[PDB]
Amino acid sequence: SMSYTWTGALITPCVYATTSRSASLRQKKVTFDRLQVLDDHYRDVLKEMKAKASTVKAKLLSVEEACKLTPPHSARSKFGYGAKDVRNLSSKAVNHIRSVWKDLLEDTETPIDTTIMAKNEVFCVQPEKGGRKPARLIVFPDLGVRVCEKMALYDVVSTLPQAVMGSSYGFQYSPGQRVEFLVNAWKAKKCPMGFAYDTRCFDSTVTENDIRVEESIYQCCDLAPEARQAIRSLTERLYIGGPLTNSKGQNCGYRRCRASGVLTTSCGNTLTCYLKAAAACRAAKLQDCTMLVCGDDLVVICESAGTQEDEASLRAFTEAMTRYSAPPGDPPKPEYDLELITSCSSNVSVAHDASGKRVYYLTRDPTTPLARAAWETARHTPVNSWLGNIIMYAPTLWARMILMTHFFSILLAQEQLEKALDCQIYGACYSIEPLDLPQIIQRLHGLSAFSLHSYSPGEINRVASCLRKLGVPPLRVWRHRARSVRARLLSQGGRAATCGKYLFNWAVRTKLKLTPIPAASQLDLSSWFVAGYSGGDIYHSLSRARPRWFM
Ligand SMILES: O=C(O)/C=C/c1ccc(NC(=O)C2(NC(=O)c3ccc4c(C5CCCCC5)c5n(c4c3)CC(=O)Nc3ccccc3-5)CCCC2)cc1
Ligand SMILES: O=C(O)CNC(=O)c1ccc(OCc2ccc(Cl)cc2)c(NC(=O)c2ccccc2)c1
């Protein structure tokens, strides 16, 4: 069947930001008929995945628990209430949610309406290789249905992927745990070879059968009967397909592929990618495979069979993936150094700590993070990508010297250090105070993140070249700026002084010996690095348990 069908009504609006003007270019790429052919390897991997899914017990969330997961700025319902009414448990919001729930239990077939919109994302236009990227498309159901998805499946999508895929499930790892996983897998091989597999338009390649197979895995959970019915109904009425409405309420067409804005998008994509890849590893006869899967992002680390054999085994892997309806965007390439593998737009790099010991960390090309940060300092945005980049890339030369320095000078000037800001981590929205960054960083990356040095020449050159290309002042200017920012933070005491001392320890002549922050252990990071929720409409406010009067 066609991934999409269009009436011709426009997908209307809600260095460069992607807009609805380029929607038709995206529409052409994502629209095609899928041909899928399954074999014994696919069926064998599925049964192995289902036997692991069988150990899961999932709970039904109450209306109140599902309401508390709704982001404050989540799109309002077309039925007379918004995200604020949902979070306050208003009678109208609650009544509508309960009637949506009852309808899921009673109607097993009527397709559920979804809205289609062009995503507005900021990218950097490099006129050296190609042109501007067209806008990605987001498909999501009404707020009432989104609350019902949480009741039925929040616990499933938060627990099942790790039970099924084990150590291969990428969203269970903090950045440092991800690096540790890749380094350990790489070290385990006699002669390692690794590759990234990029599927072309993954969401469009997801067939009706893929979506039913994904439900067959969910149905292996111990579930309340109403959760079992809601999952069955949601599969047939929403997850397999349905009609598309634009922002103006006009009929845009229909979808028979993965919706990008549903609670099961990340979990479904991860299970589907893992299934197809593990089966393709068997068809290609790759030896001692270790996989790392995050949605449609796949990394494979295996035992090398020789340079020519590896190229042939990769073409065999690609042929199997293509039969399973996961054709490649860029053809995969074997790599023989772990640092050369780009996965989830990141690569492993190495630095030294204050005692000269090697420390592995995750980094990336800083062009898109700096360009998005420039857009965010220019205009008020709903999500602060600079904040998520500081958190996730805290050990990097660029996040430390440029992002920390720039945003802490802005927060000092606006006197907004204590103001909680929204940022996205693995698709979920987190409300975080910048004053909590040293404790967050210590927990996610270790105390060494504040003392890294001896960065590689390749990493230093990539950062310096990026600054020149974007017209950003050189690294020496950032050191001078950080010294002043640090001095002002220290004078304020409490958490603000800790930002100065820890975040900007790199900027001082004679480096201070840093001891662990005692209040760091109090931060409740239990919802962090458990699962992926991209497009799942998930929110959490950062909480602190068992505080001490003097901390
Ligand atoms: O050789 C030497 O000894 C010294 C050289 C030297 C060169 C340039 C400066 N620039 C500045 O002082 C100003 N801009 C900046 O001090 C500046 C700060 C951050 C900048 C950023 C981002 C960096 C990441 C956080 C968000 C801000 C961008 N651009 C920046 C410029 C350059 C710019 O204007 N825009 C973009 C566009 C895309 C990407 C990045 C940028 C402020 C007043 C005059 C212009 C200072 C010193
Ligand atoms: O499931 C889906 O369908 C869509 N996929 C995702 O949602 C998705 C998959 C893997 C990801 O990253 C993994 C990673 C990267 C760097 C580091 Cl240091 C560690 C791990 C991210 N990235 C972030 O969330 C992010 C936010 C802010 C800053 C940096 C990364 C998103």
# chains A, B, ... in the order shown; residues from 1 in each chain; ligands from 1
call {"tool": "select_by_dssp", "arguments": {"residues": "segment 278-407 of chain A", "states": "helix (DSSP H, G or I)", "output": "short mmCIF file (atom, residue, chain, number, x, y, z; two decimals) with C-alpha atoms, in the first residue's frame"}}
result
data_model
loop_
_atom_site.label_atom_id
_atom_site.label_comp_id
_atom_site.auth_asym_id
_atom_site.auth_seq_id
_atom_site.Cartn_x
_atom_site.Cartn_y
_atom_site.Cartn_z
CA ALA A 278 19.03 -8.59 13.69
CA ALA A 279 17.35 -10.67 10.94
CA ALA A 280 19.52 -8.98 8.23
CA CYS A 281 22.72 -9.66 10.32
CA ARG A 282 21.82 -13.41 10.01
CA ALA A 283 21.13 -13.18 6.23
CA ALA A 284 24.50 -11.36 5.77
CA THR A 307 38.38 -5.97 3.95
CA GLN A 308 36.69 -7.42 0.77
CA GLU A 309 34.51 -9.87 2.80
CA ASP A 310 33.26 -6.95 4.98
CA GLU A 311 32.18 -4.94 1.89
CA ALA A 312 30.32 -8.02 0.51
CA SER A 313 28.68 -8.78 3.92
CA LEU A 314 27.43 -5.13 4.05
CA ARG A 315 25.85 -5.37 0.57
CA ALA A 316 24.16 -8.63 1.78
CA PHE A 317 22.91 -6.87 4.98
CA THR A 318 21.49 -4.00 2.80
CA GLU A 319 19.75 -6.45 0.41
CA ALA A 320 18.03 -8.19 3.41
CA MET A 321 17.02 -4.76 4.95
CA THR A 322 15.61 -3.74 1.50
CA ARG A 323 13.48 -6.96 1.31
CA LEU A 338 35.45 3.39 16.66
CA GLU A 339 35.87 7.20 16.46
CA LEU A 340 35.02 7.11 12.72
CA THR A 367 27.66 23.52 13.42
CA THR A 368 23.97 22.65 14.00
CA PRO A 369 24.15 23.10 17.86
CA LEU A 370 25.81 26.57 17.43
CA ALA A 371 23.42 27.68 14.63
CA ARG A 372 20.36 26.58 16.72
CA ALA A 373 21.82 28.33 19.81
CA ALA A 374 22.27 31.52 17.66
CA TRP A 375 18.57 31.30 16.59
CA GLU A 376 17.57 30.80 20.33
CA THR A 377 19.58 33.79 21.61
CA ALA A 378 18.01 35.95 18.82
CA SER A 385 18.36 23.21 22.36
CA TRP A 386 21.45 25.00 23.82
CA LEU A 387 20.45 23.69 27.26
CA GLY A 388 19.96 20.09 26.04
CA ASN A 389 23.33 20.35 24.21
CA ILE A 390 25.09 21.59 27.39
CA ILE A 391 23.62 18.66 29.33
CA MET A 392 24.31 15.91 26.76
CA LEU A 397 35.41 21.52 24.10
CA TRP A 398 32.65 23.44 22.24
CA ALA A 399 29.83 23.02 24.84
CA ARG A 400 32.20 24.10 27.67
CA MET A 401 33.95 27.05 25.98
CA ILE A 402 31.20 28.46 23.83
CA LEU A 403 27.72 27.35 24.96
CA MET A 404 28.34 27.53 28.74
CA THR A 405 30.14 30.90 28.48
CA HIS A 406 27.61 32.50 26.17
CA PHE A 407 24.44 31.43 27.97
#
call {"tool": "residues_near_ligand", "arguments": {"ligand": "ligand 2", "cutoff": "7 Å", "atoms": "only C-alpha atoms and all ligand atoms", "output": "ChimeraX atom specification"}}
result
/A:171,174-175,178,265-267,269-270,294-297,344-346,362-363,385,388-389,392-393,424-427,532-534
call {"tool": "select_by_dssp", "arguments": {"residues": "segment 97-131 of chain A", "states": "strand (DSSP E)", "output": "CSV table (one decimal) with N, CA, C and O atoms, in the first residue's frame"}}
result
chain,number,residue,atom,x,y,z
A,114,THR,N,-6.1,12.7,12.6
A,114,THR,CA,-4.7,13.2,13.0
A,114,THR,C,-4.5,14.5,12.2
A,114,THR,O,-5.1,14.8,11.2
A,115,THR,N,-3.7,15.4,12.8
A,115,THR,CA,-3.3,16.6,12.2
A,115,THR,C,-1.9,16.4,11.6
A,115,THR,O,-1.1,15.8,12.2
A,116,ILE,N,-1.7,16.9,10.4
A,116,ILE,CA,-0.4,16.9,9.7
A,116,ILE,C,0.1,18.4,9.7
A,116,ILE,O,-0.6,19.3,9.3
A,117,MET,N,1.4,18.6,10.1
A,117,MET,CA,2.1,19.9,10.1
A,117,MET,C,3.5,19.8,9.7
A,117,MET,O,4.1,18.7,9.9
A,118,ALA,N,4.1,20.8,9.1
A,118,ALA,CA,5.5,20.9,8.7
A,118,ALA,C,6.2,21.3,10.0
A,118,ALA,O,5.7,22.2,10.7
A,122,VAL,N,15.8,24.4,12.7
A,122,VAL,CA,16.9,25.3,12.3
A,122,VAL,C,18.1,24.4,11.8
A,122,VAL,O,18.5,23.5,12.5
A,123,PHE,N,18.6,24.7,10.7
A,123,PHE,CA,19.8,24.1,10.1
A,123,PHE,C,20.7,25.1,9.5
A,123,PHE,O,20.4,26.3,9.3
call {"tool": "closest_residue", "arguments": {"among": "A:394, A:473, A:285, A:194", "to": "ligand 1", "atoms": "only C-alpha atoms and all ligand atoms"}}
result
A:473
call {"tool": "closest_residue", "arguments": {"among": "A:474, A:516, A:8, A:161", "to": "ligand 1", "atoms": "only C-alpha atoms and all ligand atoms"}}
result
A:474
call {"tool": "residues_around", "arguments": {"residues": "residue 29 of chain A", "least_positions_apart": "4", "cutoff": "9 Å", "atoms": "only C-alpha atoms", "output": "ChimeraX atom specification"}}
result
/A:24-25,201
call {"tool": "write_last_selection", "arguments": {"atoms": "N, CA, C and O atoms", "output": "mmCIF file, in the first residue's frame"}}
result
data_model
loop_
_atom_site.group_PDB
_atom_site.id
_atom_site.type_symbol
_atom_site.label_atom_id
_atom_site.label_comp_id
_atom_site.auth_asym_id
_atom_site.auth_seq_id
_atom_site.Cartn_x
_atom_site.Cartn_y
_atom_site.Cartn_z
ATOM 1 N N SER A 24 5.771 20.224 0.222
ATOM 2 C CA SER A 24 5.553 19.443 -1.014
ATOM 3 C C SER A 24 6.797 18.654 -1.465
ATOM 4 O O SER A 24 6.650 17.553 -2.005
ATOM 5 N N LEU A 25 8.001 19.187 -1.207
ATOM 6 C CA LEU A 25 9.262 18.491 -1.512
ATOM 7 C C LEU A 25 9.435 17.273 -0.578
ATOM 8 O O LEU A 25 9.911 16.222 -1.005
ATOM 9 N N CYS A 201 13.808 7.536 4.759
ATOM 10 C CA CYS A 201 12.426 7.819 5.218
ATOM 11 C C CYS A 201 11.861 6.651 6.052
ATOM 12 O O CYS A 201 10.838 6.074 5.676
#
call {"tool": "atom_distance", "arguments": {"atom1": "atom CA of residue 191 of chain A", "atom2": "atom CA of residue 302 of chain A"}}
result
8.4 Å
call {"tool": "atom_distance", "arguments": {"atom1": "atom CA of residue 232 of chain A", "atom2": "atom CA of residue 268 of chain A"}}
result
14.6 Å
call {"tool": "residues_around", "arguments": {"residues": "residue 53 of chain A", "least_positions_apart": "4", "cutoff": "10 Å", "atoms": "only C-alpha atoms", "output": "tab-separated table (two decimals) with N, CA, C and O atoms, in the first residue's frame"}}
result
chain	number	residue	atom	x	y	z
A	47	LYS	N	10.20	-14.30	17.25
A	47	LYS	CA	9.86	-15.20	18.34
A	47	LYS	C	10.79	-15.01	19.54
A	47	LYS	O	10.33	-15.05	20.68
A	48	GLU	N	12.08	-14.76	19.28
A	48	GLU	CA	13.04	-14.49	20.35
A	48	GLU	C	12.68	-13.19	21.09
A	48	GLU	O	12.73	-13.14	22.32
A	49	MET	N	12.28	-12.15	20.34
A	49	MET	CA	11.86	-10.85	20.91
A	49	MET	C	10.59	-11.01	21.74
A	49	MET	O	10.49	-10.46	22.84
A	57	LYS	N	5.47	-6.88	32.84
A	57	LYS	CA	4.17	-6.62	33.47
A	57	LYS	C	4.01	-5.10	33.39
A	57	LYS	O	4.87	-4.37	33.88
A	156	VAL	N	4.19	0.51	29.15
A	156	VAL	CA	4.70	-0.42	28.12
A	156	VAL	C	5.92	0.18	27.41
A	156	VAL	O	6.97	-0.44	27.39
A	159	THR	N	9.20	0.41	29.56
A	159	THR	CA	9.76	-0.83	30.13
A	159	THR	C	10.07	-1.92	29.09
A	159	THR	O	11.05	-2.65	29.23
A	160	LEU	N	9.19	-2.08	28.10
A	160	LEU	CA	9.28	-3.17	27.14
A	160	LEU	C	10.54	-3.13	26.26
A	160	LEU	O	11.15	-4.18	26.08
A	161	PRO	N	10.94	-1.99	25.66
A	161	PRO	CA	12.12	-2.02	24.78
A	161	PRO	C	13.39	-2.57	25.43
A	161	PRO	O	14.08	-3.37	24.79
A	162	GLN	N	13.66	-2.22	26.71
A	162	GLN	CA	14.84	-2.77	27.40
A	162	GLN	C	14.69	-4.25	27.70
A	162	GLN	O	15.65	-4.99	27.59
A	163	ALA	N	13.50	-4.69	28.10
A	163	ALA	CA	13.27	-6.11	28.36
A	163	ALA	C	13.49	-6.93	27.07
A	163	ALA	O	14.01	-8.03	27.13
A	164	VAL	N	13.09	-6.38	25.91
A	164	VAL	CA	13.17	-7.08	24.62
A	164	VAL	C	14.57	-7.05	24.02
A	164	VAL	O	15.07	-8.08	23.56
A	165	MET	N	15.16	-5.87	23.95
A	165	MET	CA	16.43	-5.67	23.26
A	165	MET	C	17.66	-5.68	24.16
A	165	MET	O	18.76	-5.70	23.64
A	216	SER	N	1.83	-7.31	18.37
A	216	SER	CA	1.97	-8.71	18.86
A	216	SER	C	3.00	-8.80	20.01
A	216	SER	O	2.84	-9.61	20.94
A	217	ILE	N	4.02	-7.95	19.95
A	217	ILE	CA	5.04	-7.87	21.01
A	217	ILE	C	4.43	-7.23	22.26
A	217	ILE	O	4.64	-7.76	23.35
A	218	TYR	N	3.65	-6.10	22.11
A	218	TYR	CA	2.99	-5.46	23.27
A	218	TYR	C	2.05	-6.40	23.99
A	218	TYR	O	1.95	-6.36	25.23
A	219	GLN	N	1.30	-7.21	23.20
A	219	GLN	CA	0.31	-8.15	23.73
A	219	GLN	C	0.93	-9.28	24.57
A	219	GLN	O	0.20	-9.99	25.27
A	220	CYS	N	2.29	-9.44	24.54
A	220	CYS	CA	3.02	-10.42	25.37
A	220	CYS	C	3.15	-9.92	26.83
A	220	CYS	O	3.45	-10.70	27.73
A	221	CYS	N	2.91	-8.62	27.07
A	221	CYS	CA	2.93	-8.05	28.43
A	221	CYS	C	1.78	-8.56	29.23
A	221	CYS	O	0.72	-8.79	28.68
A	222	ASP	N	1.93	-8.57	30.56
A	222	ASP	CA	0.81	-8.80	31.47
A	222	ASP	C	0.15	-7.40	31.47
A	222	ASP	O	0.84	-6.42	31.73
call {"tool": "atom_distance", "arguments": {"atom1": "atom CA of residue 455 of chain A", "atom2": "atom CA of residue 348 of chain A"}}
result
12.1 Å
call {"tool": "residues_around", "arguments": {"residues": "segment 180-184 of chain A", "least_positions_apart": "4", "cutoff": "8 Å", "atoms": "only C-alpha atoms", "output": "PyMOL selection string"}}
result
chain A and resi 176+188+338+360
call {"tool": "write_last_selection", "arguments": {"atoms": "N, CA and C atoms", "output": "PDB file, in the first residue's frame"}}
result
ATOM      1  N   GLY A 176      27.519   9.023  28.526  1.00  0.00           N
ATOM      2  CA  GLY A 176      28.703   8.338  29.025  1.00  0.00           C
ATOM      3  C   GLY A 176      28.523   6.833  29.038  1.00  0.00           C
ATOM      4  N   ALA A 188      35.756  -5.974  22.785  1.00  0.00           N
ATOM      5  CA  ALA A 188      35.368  -7.387  22.848  1.00  0.00           C
ATOM      6  C   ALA A 188      35.705  -8.155  21.561  1.00  0.00           C
ATOM      7  N   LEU A 338      36.712   3.049  16.009  1.00  0.00           N
ATOM      8  CA  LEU A 338      35.445   3.388  16.661  1.00  0.00           C
ATOM      9  C   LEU A 338      35.050   4.883  16.533  1.00  0.00           C
ATOM     10  N   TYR A 360      36.763   8.576  27.716  1.00  0.00           N
ATOM     11  CA  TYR A 360      36.022   8.552  26.457  1.00  0.00           C
ATOM     12  C   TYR A 360      34.789   9.442  26.640  1.00  0.00           C
TER      13      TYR A 360
END
call {"tool": "residues_around", "arguments": {"residues": "segment 541-548 of chain A", "least_positions_apart": "2", "cutoff": "8 Å", "atoms": "only C-alpha atoms", "output": "NGL selection string"}}
result
:A and (430-432 or 519 or 522-525 or 539 or 550-551)
call {"tool": "write_last_selection", "arguments": {"atoms": "C-alpha atoms", "output": "tab-separated table (two decimals), in the first residue's frame"}}
result
chain	number	residue	atom	x	y	z
A	430	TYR	CA	12.39	18.45	30.88
A	431	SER	CA	11.89	21.72	32.89
A	432	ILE	CA	15.36	22.49	34.34
A	519	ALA	CA	23.53	17.95	46.76
A	522	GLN	CA	19.34	14.39	45.84
A	523	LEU	CA	18.33	15.02	42.17
A	524	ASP	CA	15.61	12.60	41.11
A	525	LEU	CA	16.93	11.39	37.72
A	539	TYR	CA	6.94	16.13	30.16
A	550	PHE	CA	22.77	23.65	54.60
A	551	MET	CA	22.85	22.43	50.91
call {"tool": "residues_around", "arguments": {"residues": "residue 70 of chain A", "least_positions_apart": "6", "cutoff": "8 Å", "atoms": "only C-alpha atoms", "output": "list in words"}}
result
residues 83, 86, 87, 147, 537, 538 and 539 of chain A
call {"tool": "closest_residue", "arguments": {"among": "A:134, A:535, A:458, A:471", "to": "ligand 1", "atoms": "only C-alpha atoms and all ligand atoms"}}
result
A:471
